[PDB]
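FYI, side chains are in, hydrogens and waters are out, and symmetry mates aren't considered; it's all heavy atoms of this structure. Naming convention: chains lettered A, B, ... in sequence-line order (proteins, then strands); numbering from 1 in each chain.
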There are 2 protein chains.
Amino acid sequence: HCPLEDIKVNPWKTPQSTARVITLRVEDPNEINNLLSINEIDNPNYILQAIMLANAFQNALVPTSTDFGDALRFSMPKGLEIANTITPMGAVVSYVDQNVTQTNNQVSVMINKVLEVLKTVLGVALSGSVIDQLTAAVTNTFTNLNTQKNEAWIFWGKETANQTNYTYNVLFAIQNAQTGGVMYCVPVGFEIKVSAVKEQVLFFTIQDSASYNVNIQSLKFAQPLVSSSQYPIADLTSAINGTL
Amino acid sequence: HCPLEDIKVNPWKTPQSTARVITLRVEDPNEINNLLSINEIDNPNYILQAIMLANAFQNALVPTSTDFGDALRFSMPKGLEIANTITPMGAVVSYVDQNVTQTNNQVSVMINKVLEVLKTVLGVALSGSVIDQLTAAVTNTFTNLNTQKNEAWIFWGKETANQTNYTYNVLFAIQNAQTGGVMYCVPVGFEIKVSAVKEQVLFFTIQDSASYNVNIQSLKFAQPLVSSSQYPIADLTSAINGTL
Ligand code: NA
Ligand code: NA
């Protein structure tokens, strides 16, 4: 109806993504998996491979100390042991076991601190390709905990009047242009102490302020790609159930 | 080390879930899908079927009015039309096109209002089986928008100094004990007007206060179950790409 204007082009305006997001909550799996599986793939033929890596690193979870509470967390040491046993064989590119602390700071700051560690593990190129999911994943470690509180990847430890202990287990599988002929797998075990009662922590936002003492344990594992396009879907159903 | 106490059993304490959660972000799909696919399945043999339902209802998206802005939203009317064409054939159990409004109320209240509508569409039994994902999904419609802002399911409309228009498209596929021999599919098209500038809306939390004028369009579609355990994984890769 109106006159067709000449194109004004802002080179900073971010284009809308074309990426398809599919979340699966598999009720009552045959074998229990206590890792939140976050997958950034460009070829769905590597999904099976991604799931099988999550199945393997399930064995790298270990109980916390009694003084922390009754919780499971991904262990970097045990991760390395497990890594060796994984077939097809692959390489541990990097690993980390580091404490992160803050005092009377906003939750946003803590998220940034943790992000800084995971970005160091992933690397610039790798970080960039998964920046949205990575940020969201770390955000959902410290906030949005109410709807997550009873899920299989979060465990509540000791619960004093001044402090809440909890663990959080997330796994990233990455396969795209930045990965080439290998898929990257980055399990993360969070051991979190926060200066607030559970009731408050459950409804913590990025605006809230708190003191944190957090241990992060992670490693980056590169496994050569294996397409599964020729296998039946029964095999993927088996991988998800942990029976493959 | 310590004496084994007799069992104290609180019948209200919620048990930890065994459900496995897997999120897939498929970079650069062959065909674009603008629906956030949230799947609650107990048998992974119905995943393909779940994805194919999301592929179908992609065709039910329509542009908003020019006065709203340049956005896509799931249309209940067009949904009904599309529903007919879906094979294998199935039934539209229920549908809704309703406005929800609030004035100077917390975002939490709005979430509850929207939840009330979607719970009416799903029903008691159905709601209960997907209560965690449903709550999270609606929460993520009004909050946690920063990391979502450029994703394929959210569209930003007109952006005044007093108001922000945006649409949000989410789809629920449900198959469990409460569904029996059919899988349920519930697409939702949100057309949201909120009394805040985009910069504020992007970092809105449940604690924040705002006035909302929201149109919700949804329907419940029951499709008889079709296992895909015998088909190759190539077919699932094709369904995800929208080429199947
Ligand atoms: Na970001
Ligand atoms: Na809940």
Side-chain angles (χ1 to χ4, degrees), chain A residues 34-36 38 57 60-80 92 94-124 126-127 130-131 133-146 148-149 151 153-172 186-220, chain B residues 144 146-147 203 205 207:
Chain A
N34 303 105
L35 290 151
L36 177 57
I38 306 183
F57 281 118
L61 301 203
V62 304
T64 49
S65 101
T66 60
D67 89 79
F68 185 91
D70 190 6
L72 281 176
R73 57 93 45 87
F74 175 89
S75 152
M76 183 253 284
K78 188 161 196 191
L80 295 175
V92 167
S94 81
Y95 42 90
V96 75
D97 173 4
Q98 187 181 342
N99 291 356
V100 184
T101 184
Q102 85 166 28
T103 298
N104 317 143
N105 271 119
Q106 287 189 287
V107 169
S108 58
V109 174
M110 187 57 216
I111 289 163
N112 281 352
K113 284 200 176 210
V114 163
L115 269 169
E116 271 308 305
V117 173
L118 302 192
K119 286 205 286 197
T120 294
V121 169
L122 287 171
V124 167
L126 204 44
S127 288
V130 70
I131 195 56
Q133 280 205 116
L134 184 65
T135 302
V138 174
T139 299
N140 294 335
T141 300
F142 301 93
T143 72
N144 296 305
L145 287 167
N146 186 39
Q148 300 186 72
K149 69 183 170 288
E151 290 299 71
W153 61 85
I154 181 166
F155 298 83
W156 300 96
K158 289 269 163 186
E159 186 195 321
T160 68
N162 279 24
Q163 184 174 295
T164 295
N165 308 345
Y166 75 97
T167 72
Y168 196 104
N169 301 284
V170 60
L171 185 148
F172 300 98
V186 184
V188 191
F190 289 107
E191 182 182 23
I192 302 159
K193 300 189 171 188
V194 59
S195 63
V197 298
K198 189 173 160 167
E199 285 301 330
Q200 288 173 39
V201 169
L202 280 180
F203 289 80
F204 256 9
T205 83
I206 49 168
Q207 303 293 329
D208 287 301
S209 292
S211 302
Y212 282 98
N213 278 329
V214 171
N215 177 252
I216 309 170
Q217 291 187 39
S218 178
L219 64 81
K220 178 206 257 162
Chain B
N144 296 305
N146 186 39
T147 62
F203 289 80
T205 83
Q207 303 293 329

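- For the side chain to side chain donor-acceptor pair (under 3.5 Å) test, no residue two or more places apart in sequence or in another chain qualifies with B/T147.
- Not counting sequence neighbours, the partners of A/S108 by the side chain to side chain contact (heavy atoms under 4.5 Å, CB included) test are A/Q106, A/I206.
- For A/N105, there are no side chain to side chain donor-acceptor pair (under 3.5 Å) partners at least two apart in sequence or on another chain.
- Shown here for A/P187 and A/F74, the closest heavy-atom pair between the two residues is CG-CZ, 3.2 Å.
- Here CG of A/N169 is found 5.0 Å from OG1 of A/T167. Values are rounded to the nearest 0.5 Å.
- Every side chain to side chain contact (heavy atoms under 4.5 Å, CB included) that A/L72 has, sequence neighbours left out, goes to A/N34, A/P63, A/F155.
- Annotation: side chain of A/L115 is in contact with side chain of A/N112 (closest heavy-atom distance under 4.5 Å).
- Contacts of A/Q148 classified as side chain to side chain donor-acceptor pair (under 3.5 Å), with partners at least two apart in sequence or in another chain: A/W153, A/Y168.
- With a 4.5 Å cut-off on side-chain heavy atoms, A/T164 and A/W156 count as touching.
- Distance alone, capped at 3.5 Å, is enough to place a donor-acceptor pair between the A/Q102 side chain and the A/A210 backbone.
- A 4.5 Å side-chain heavy-atom check between A/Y166 and A/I154 finds at least one atom pair inside the cut-off.
- Counting only residues at least two apart or in different chains, side-chain hydrogen bond (donor to acceptor under 3.5 Å, both in side chains) contacts with residues 210-220 of chain A comprise A/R73-A/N215, A/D97-A/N215, A/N99-A/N215, A/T101-A/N213, A/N104-A/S211, A/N215-A/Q217.
- Residue pairs meeting the salt bridge (charged side-chain N to carboxylate O under 4.0 Å, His left out) criterion with at least one member in residues 107-122 of chain A, sequence neighbours excluded: A/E116-A/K119.
- Using a 4.5 Å heavy-atom cutoff, the side chains of A/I216 and A/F190 are in contact.
- Remark: side-chain polar atoms of A/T64 are paired, donor with acceptor, to backbone N or O of A/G69 under 3.5 angstrom.
- Here the closest non-hydrogen pair linking A/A137 and A/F172 is CB-CZ, 3.5 Å.
- Screening residues 135-146 of chain A for side-chain hydrogen bond (donor to acceptor under 3.5 Å, both in side chains) gives A/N140-A/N144, A/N144-B/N144, A/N146-A/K149 as the qualifying pairs, with residues at least two apart or on separate chains.
- For A/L80, the side chain to side chain contact (heavy atoms under 4.5 Å, CB included) partners two or more places apart in sequence, or in a different chain, are A/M76, A/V92, A/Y95, A/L219.
- Using a 4.5 Å cut-off on side-chain heavy atoms (C-beta onward), A/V186 and A/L118 make no contact.
- A/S65 is linked by a side chain to side chain contact (heavy atoms under 4.5 Å, CB included) to A/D67, A/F68, counting only residues two or more places apart in sequence or in another chain.
- The side chain to side chain donor-acceptor pair (under 3.5 Å) check on A/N165 picks up A/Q163, with sequence neighbours excluded.
- Side-chain contact between A/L35 and A/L61 is present, with at least one heavy-atom pair separated by less than 4.5 Å.
- Not counting sequence neighbours, A/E199 has no partner by the salt bridge (charged side-chain N to carboxylate O under 4.0 Å, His left out) test.
- Separation of atoms OG1 (A/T120) and CD (A/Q98) is listed at 8.0 Å; rounding is to 0.5 Å.
- For the atom pair A/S209 OG and A/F204 CZ, the distance stands at 8.0 Å (nearest 0.5 Å).
- Annotation: side chain of A/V114 is in contact with side chain of A/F142 (closest heavy-atom distance under 4.5 Å).
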